[PDB]
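What you see below is based on every heavy atom in this structure, not just the backbone, and it leaves out hydrogens, waters and symmetry mates. All residue numbers refer to positions in the sequence shown, counting from 1.
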Amino acid sequence: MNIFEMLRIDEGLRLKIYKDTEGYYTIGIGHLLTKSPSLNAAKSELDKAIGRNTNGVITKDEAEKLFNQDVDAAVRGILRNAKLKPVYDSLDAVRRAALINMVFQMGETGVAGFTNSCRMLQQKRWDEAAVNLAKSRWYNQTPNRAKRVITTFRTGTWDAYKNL
Ligand SMILES: *SCC1=CC(C)(C)N(O)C1(C)C
């Protein structure tokens, strides 16, 4: 298991524009196109992202290319955030993947709260952090996924993704 396999499990793979859990146009492996209600706006974002006139459908290779860019972007976003970098640096590789997973799903920029959760992770109070992370819109809206990510933070193992 690694961050790519983990997110692939959590995000799925769809080659045609579809709506994510929040109702937003998305494609590939969790690649958010726009929060705009306009499908045309979403298709324009897609064409720009891929570099060709697609009309809503991409190939698996193209989906994996956006995925590589998105994971890279989540990692660089973490390292450029003065608040997240110290937490990421304090974690082992498995928990670092859990943090990348959260950033991939909700972004670094524009994310409200979680200051206390991050403080508990940096303190390595795994059980307390796990409880705290669950008191969130994030957990309530996508509980099965949040549970897997939280279990990863609580245990530092891939148990939530094995046999899954
Ligand atoms: S460690 C929890 C956390 C803090 C903040 C910077 C708000 N984030 O985006 C996540 C959800 C990673």
Side-chain angles (χ1 to χ4, degrees), residues 1-50 54-78 81 83-84 87-88 94-118 121 129-155 158-164:
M1 186 61 49
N2 57 54
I3 182 60
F4 288 87
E5 297 184 7
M6 182 198 204
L7 276 167
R8 170 62 180 77
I9 281 165
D10 286 332
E11 299 286 359
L13 166 68
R14 293 188 66 183
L15 301 183
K16 173 60 187 297
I17 292 174
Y18 72 94
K19 290 180 180 182
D20 72 7
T21 65
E22 295 294 346
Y24 301 143
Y25 290 119
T26 302
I27 198 164
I29 303 166
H31 181 73
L32 173 65
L33 291 164
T34 179
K35 290 186 184 177
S36 171
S38 170
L39 175 55
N40 289 309
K43 285 174 170 176
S44 173
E45 294 290 340
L46 178 57
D47 291 351
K48 171 182 66 177
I50 298 304
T54 76
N55 198 42
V57 184
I58 61 177
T59 64
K60 187 176 183 175
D61 279 4
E62 287 169 343
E64 292 174 336
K65 181 170 174 75
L66 301 179
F67 188 36
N68 282 150
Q69 291 174 173
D70 293 343
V71 171
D72 197 17
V75 173
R76 298 311 294 285
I78 284 168
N81 187 305
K83 272 64 180 299
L84 291 170
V87 183
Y88 186 83
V94 176
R95 292 187 171 92
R96 280 177 177 161
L99 187 60
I100 295 164
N101 193 303
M102 292 190 73
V103 169
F104 183 102
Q105 181 181 6
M106 51 187 114
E108 338 75 57
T109 297
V111 179
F114 287 113
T115 298
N116 302 316
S117 298
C118 255
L121 291 171
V131 169
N132 187 262
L133 284 163
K135 299 174 184 183
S136 58
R137 178 175 190 281
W138 169 62
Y139 179 92
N140 281 96
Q141 302 308 130
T142 52
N144 279 170
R145 190 211 183 128
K147 281 175 186 183
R148 290 192 288 277
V149 174
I150 290 173
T151 288
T152 303
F153 274 126
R154 181 176 64 79
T155 69
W158 293 113
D159 290 357
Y161 291 86
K162 281 168 182 164
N163 216 305
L164 218 305

**Message:** Is any side-chain heavy atom of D10 closer than 4.5 Å to one of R148?
**Reply:** yes
**Shortest non-hydrogen separation from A63 to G28 and the atoms involved** = CB-CA, 3.7 Å
**Asked** Can you name the nearest heavy-atom pair linking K16 to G56, along with the distance?
**Response** CD-O, 2.7 Å
**Prompt:** Can you pull the side-chain hydrogen bond (donor to acceptor under 3.5 Å, both in side chains) pairs that have at least one residue in residues 107-116, sequence neighbours excluded?
**Reply:** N116-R119
**Message:** Within the structure provided, determine whether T26 and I17 are in side-chain contact (heavy-atom separation under 4.5 Å).
**Reply:** no
**Prompt:** Can you tell if the side chain of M6 reaches within under 4.5 Å of the side chain of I9, non-hydrogen atoms only?
**Reply:** no
**Item:** Side chain to side chain, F104 and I3, heavy atoms closer than 4.5 Å
**Value:** no
**Item:** Pairs satisfying side-chain hydrogen bond (donor to acceptor under 3.5 Å, both in side chains), at least one member in residues 131-142, at least two apart
**Value:** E22-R137, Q105-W138, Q105-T142, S117-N132
**Asked** Out of curiosity, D70 CG to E64 CD, how far, rounded to the nearest 0.5 Å?
**Response** 12.5 Å
**Message:** If I take atom NZ from residue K147 and atom OG1 from residue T152, how far apart are they, to the nearest 0.5 angstrom?
**Reply:** 14.0 Å
**Prompt:** With side chains defined as the heavy atoms from C-beta onward, is the minimum distance between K43 and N55 less than 4.5 Å?
**Reply:** yes
**Message:** Could you go through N101 and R145, starting from their C-alpha distance and side-chain angles, then the distance that decides it, and tell me whether this counts as side chain to side chain donor-acceptor pair (under 3.5 Å)?
**Reply:** CA-CA 10 Å; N101 193 303; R145 190 211 183 128; 2.9 Å; yes
**Request:** Answer with yes or no whether the side chains of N81 and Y88 bring together a donor and an acceptor at under 3.5 Å.
**Result:** no
**ring-ring contact (aromatic ring centres under 6.0 Å, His included): pairs with one or both residues in residues 4-38, sequence neighbours excluded** = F4-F67
**pair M102-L133: side-chain heavy atoms closer than 4.5 Å** = yes
**Request:** Go through the steps to decide whether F114 and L84 satisfy the test side-chain contact (heavy atoms from CB on, under 4.5 Å), and finish with yes or no.
**Result:** CA-CA 11 Å; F114 287 113; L84 291 170; over 6 Å; no
**Request:** Might you point out which heavy atoms bring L121 and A129 nearest each other, and give the distance in Å?
**Result:** CD2-CB, 3.6 Å
**Closest heavy-atom pair and its distance - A74, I100** = CB-CG2, 4.0 Å
**Asked** Looking at CG of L99 and SG of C118, how far apart are the two atoms once the value is rounded to the nearest 0.5 Å?
**Response** 6.0 Å
**Request:** Please step through side-chain contact (heavy atoms from CB on, under 4.5 Å) for the pair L15 and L13, ending with a clear verdict.
**Result:** CA-CA 7 Å; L15 301 183; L13 166 68; 3.9 Å; yes
**Prompt:** Do the side chains of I58 and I27 get nearer than 4.5 Å, heavy atoms only?
**Reply:** yes
**Request:** Output the distance between atom CG (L46) and atom OG1 (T54), rounded to the nearest 0.5 Å.
**Result:** 3.5 Å
**Message:** Is there a salt bridge (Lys or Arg N to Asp or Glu O under 4.0 Å) between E45 and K48? Walk through the geometry before answering.
**Reply:** CA-CA 5 Å; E45 294 290 340; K48 171 182 66 177; 2.7 Å; yes
**Fill in**
Rounding to 0.5 Å, atoms CD (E11) and CD1 (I29) come to a distance of 9.0 Å
**Prompt:** So, do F153 and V94 sit near enough that their side-chain heavy atoms are less than 4.5 Å apart?
**Reply:** no
**Asked** Atom CG of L32 and atom CG of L66: how far apart are they, to the nearest 0.5 Å?
**Response** 11.5 Å
